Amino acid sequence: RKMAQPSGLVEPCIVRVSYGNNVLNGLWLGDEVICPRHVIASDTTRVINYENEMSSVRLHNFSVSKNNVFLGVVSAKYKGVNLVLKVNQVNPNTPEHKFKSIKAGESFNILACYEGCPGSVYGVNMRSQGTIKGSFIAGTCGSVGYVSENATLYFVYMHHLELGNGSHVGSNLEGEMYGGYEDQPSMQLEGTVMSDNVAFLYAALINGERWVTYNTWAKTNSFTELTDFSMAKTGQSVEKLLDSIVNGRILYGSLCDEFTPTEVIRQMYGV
């Protein structure tokens, strides 16, 4: 099972941010709201000149709210692809947090929010070209990615756009877009690779599925490069599974590269 860490600390920070025709989500920490800067675009379907929109920005046209609280915007600045709004009230439920970027193959959690309303939570995996495969629709931009590591809450992702190939692109909380994509409605291209993760077969045989009977093969056919997986409990070497990688019956009709080895173990053997 793909799992997500609990969302209790992140839920009270989600606000509804609207400007013009655009309604999305924002991250309310302290007296600041971080949101995707394309919320102030007069037309998100056509190319945006972000310096023109910031030149014509009228702070009184914002609508930032959480439940029955209306958060008046006192100031607005860009930071990368993110918009940072200073609001007239501190969030009394701001949790202890740090910021952090996610590398390819890693896993984190997505709190999907719909026009300011948290609705779902699920775990993701940072893909090849800096994308993730989640399930975002209209109104979910500003959805927050987070990871909790040893009593530390890390905000690691804010949603921005979906590519033409259905993959999802976002930034970190400091404004750098993962994968280097731009926040324009022009077409962009994800790369053509699969993960250490395809750990998926190691869990496929602990559950009873054993229908098992390489970096050279993996470098020229879109697979990441790779045995220290040791815990030996199922009795099958990894090159006895690297053979299965070399692609009408797996817990799934294709190879699954979404679970890190640490997760799948910390889920089968726990602790």
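When you see a residue number, it is the position in the sequence shown, counting from 1.
Participant: Would you mind checking whether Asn68 is unresolved in the model of at least a third of the other PDB entries compared?
Facilitator: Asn68: unmodelled in a third or more of the comparison entries.
Participant: For the stretch from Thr192 to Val193, please bin the deposited residues that the model skips: none, 1 to 3, 4 to 9, or 10 or more.
Facilitator: Count of unmodelled residues in between: 1 to 3.
Participant: In terms of residues present in the deposited sequence but not modelled, what lies between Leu251 and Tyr252: none, 1 to 3, 4 to 9, or 10 or more?
Facilitator: Count of unmodelled residues in between: 1 to 3.
Participant: Decide which of the stretches 156-164 and 127-135 has the higher mean C-alpha B-factor, going by the entry.
Facilitator: Stretch with the higher mean C-alpha B-factor: 127-135.
Participant: Mind pulling up the entry and telling me whether 170-178 or 115-123 has the higher mean Cα temperature factor?
Facilitator: Higher mean C-alpha B-factor in the PDB entry: 170-178.
Participant: From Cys256, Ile14, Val23, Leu9, can you pick the one with the highest C-alpha B factor in the entry?
Facilitator: Highest C-alpha B-factor among the listed residues goes to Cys256.
Participant: From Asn61, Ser56, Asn221, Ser42, can you pick the one with the highest C-alpha B factor in the entry?
Facilitator: Out of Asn61, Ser56, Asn221, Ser42, the record gives the largest C-alpha B-factor to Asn221.
Participant: By its CA B factor, does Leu83 count among the lowest, middle or highest third of the modelled residues in the chain?
Facilitator: Lowest third, going by the recorded CA B-factors of the chain.
Participant: Within this chain's modelled residues, let me know which third the CA B factor of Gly145 belongs to: lowest, middle or highest.
Facilitator: Lowest third of the chain for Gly145's C-alpha B-factor.
Participant: What third of the chain does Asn197 rank in for C-alpha temperature factor, lowest, middle or highest?
Facilitator: Within its chain, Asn197 is a highest-third residue by C-alpha B-factor, going by the deposited values.
Participant: Mind checking which third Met3 falls in for C-alpha B-factor across the chain?
Facilitator: Answer is middle: the recorded C-alpha B-factor places it there.
Participant: Please place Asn52 in the lowest, middle or highest third of its chain by C-alpha B factor as given in the entry.
Facilitator: Middle third of the chain for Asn52's C-alpha B-factor.
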